[PDB]
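# Coordinate analysis (summary)
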Amino acid sequence: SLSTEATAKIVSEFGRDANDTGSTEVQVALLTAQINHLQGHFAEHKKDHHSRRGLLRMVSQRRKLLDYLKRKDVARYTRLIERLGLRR
RNA sequence: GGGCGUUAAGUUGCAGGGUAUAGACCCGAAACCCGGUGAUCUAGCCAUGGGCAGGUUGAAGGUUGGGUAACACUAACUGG
Ligand SMILES: [Mg+2]
């Protein structure tokens, strides 16, 4: 997984408030990260029909939690995705 | 006793009949062997030049959108 030194960084950048691991801004970023990284890893082997599942489980959550914004505070949704370019 | 012999005179020319050896009365093979001339036709190849009116179909690749976590994938336009 992402280095312990990593998550603690991204959070202080996306976390709705100074140092907080829970809000979508923080949730998403923390997820998209491991997703972008693993992408390369999977570009290798590509036979790990197990590790890939996790890739899905978390990715399936990305689009999932991302909806919470719409269903709730939409004002940030677009402001959050525009950050990682997600959705496209 | 028997077989072959012993009272046939030959031989050398010349003309001729026949034979042997040679092409052997004459004309005729299909082929065999030897040494040369031929790839200006044609078969293959080698180098170097040239030729193919018009009309048609429309692959791969690509750009865009859709699409997938990323690919797959998909539809147009292009491309040829
Ligand atoms: Mg007698």
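If you check the PDB entry, chain A appears there as 30S ribosomal protein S15 from Escherichia coli. Taken verbatim from the UniProt record of chain A, the Subunit comment is "Part of the 30S ribosomal subunit. Forms a bridge to the 50S subunit in the 70S ribosome, contacting the 23S rRNA." What UniProt records for chain A under Sequence similarities is the sentence "Belongs to the universal ribosomal protein uS15 family."

## Some remarks on unusual backbone geometry
Backbone geometry follows two general trends: most residues other than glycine have a negative phi, and most peptide bonds adopt the trans configuration. The phi dihedral of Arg-87 is positive, around 70°, even though this residue is not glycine. Summarising the element assignment, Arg-87 is placed in the segment after α4 (74-84). Looking at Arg-87, the relative accessible area reads 40%, which means it is partly exposed. Here the phi dihedral of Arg-88 falls at roughly 60°; this positive angle occurs in a residue that is not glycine. As for its position among the elements, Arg-88 is in the segment after α4.

## Focus on helix α2 (residues 24-42)
For α2, spanning 19 residues, the distance from its first C-alpha to its last is 26 Å, which sits close to the expected 27 Å at 1.5 Å a residue. For α2, the complete set of buried residues consists of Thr-24, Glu-25, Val-26, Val-28, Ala-29, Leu-31, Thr-32, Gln-34, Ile-35, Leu-38 and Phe-42. For α2, the secondary structure elements touched by its buried residues are α1 (4-14), α3 (51-71) and α4. For α2, the N-terminal cap is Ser-23; the gap from its side-chain oxygen to the backbone nitrogen of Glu-25 is 3.2 Å.

## Examining the pattern of salt bridges
In total, this model carries three salt bridges according to the counting rule given. Salt-bridge contacts for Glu-25 lead to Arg-76; the nearest nitrogen and oxygen are separated by 2.9 Å. Placement of the pair is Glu-25 in helix α2 and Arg-76 in helix α4, with a sequence separation of 51 residues. A single burial state applies to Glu-25 and to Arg-76, both of which are buried. Two residues, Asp-73 and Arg-76, come together in a salt bridge whose shortest N-O distance is 3.4 Å. Overall, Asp-73 belongs to the partly exposed group, its relative accessible area being 34%. When salt bridges that share partners are traced, they join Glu-25, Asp-73 and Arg-76 into one network.

## So, the side chain of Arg-62
Summarising the element assignment, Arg-62 is placed in helix α3. Excluding anything up to four places from it in sequence, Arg-62 contacts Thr-32, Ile-35, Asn-36 and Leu-86.

## Concerning the protein's contact with RNA strand B
By nearness alone, every residue bordering RNA strand B is listed as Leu-55, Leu-56, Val-59, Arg-62, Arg-63 and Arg-88. Counting only atoms of RNA strand B within 4 Å of the protein, the fraction found in sugar and phosphate groups is 65%. The contact in question runs from a phosphate oxygen of RNA strand B to an N or O atom on the side chain of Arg-63, over 2.7 Å. Interatomic distance of 3.0 Å between a side-chain N/O atom of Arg-88 and a phosphate oxygen of RNA strand B.

Reading the values: rules and limits
Residues numbered from 1 in each chain as written, not as in the entry; some residues may be left out. Chains lettered and ligands numbered in written order. Part of a larger assembly, values for the part shown. Heavy atoms only, no water. UniProt positions renumbered as here; feature names shortened; annotations may be inferred. Helix = DSSP H or I, 4+ residues; strand = E, 2+ residues; numbered from the N terminus. Buried < 20%, exposed > 50% of the residue type's maximum accessible area, 1.4 Å probe, protein only. Expected span 1.5 Å × (residues − 1). Contact = heavy atoms within 4.5 Å. Polar contact = N/O pair within 3.5 Å; in protein donor to acceptor, adjacent residues only side chain to side chain. Salt bridge = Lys/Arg side-chain N within 4 Å of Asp/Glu carboxyl O. Near = heavy atom within 4 Å.

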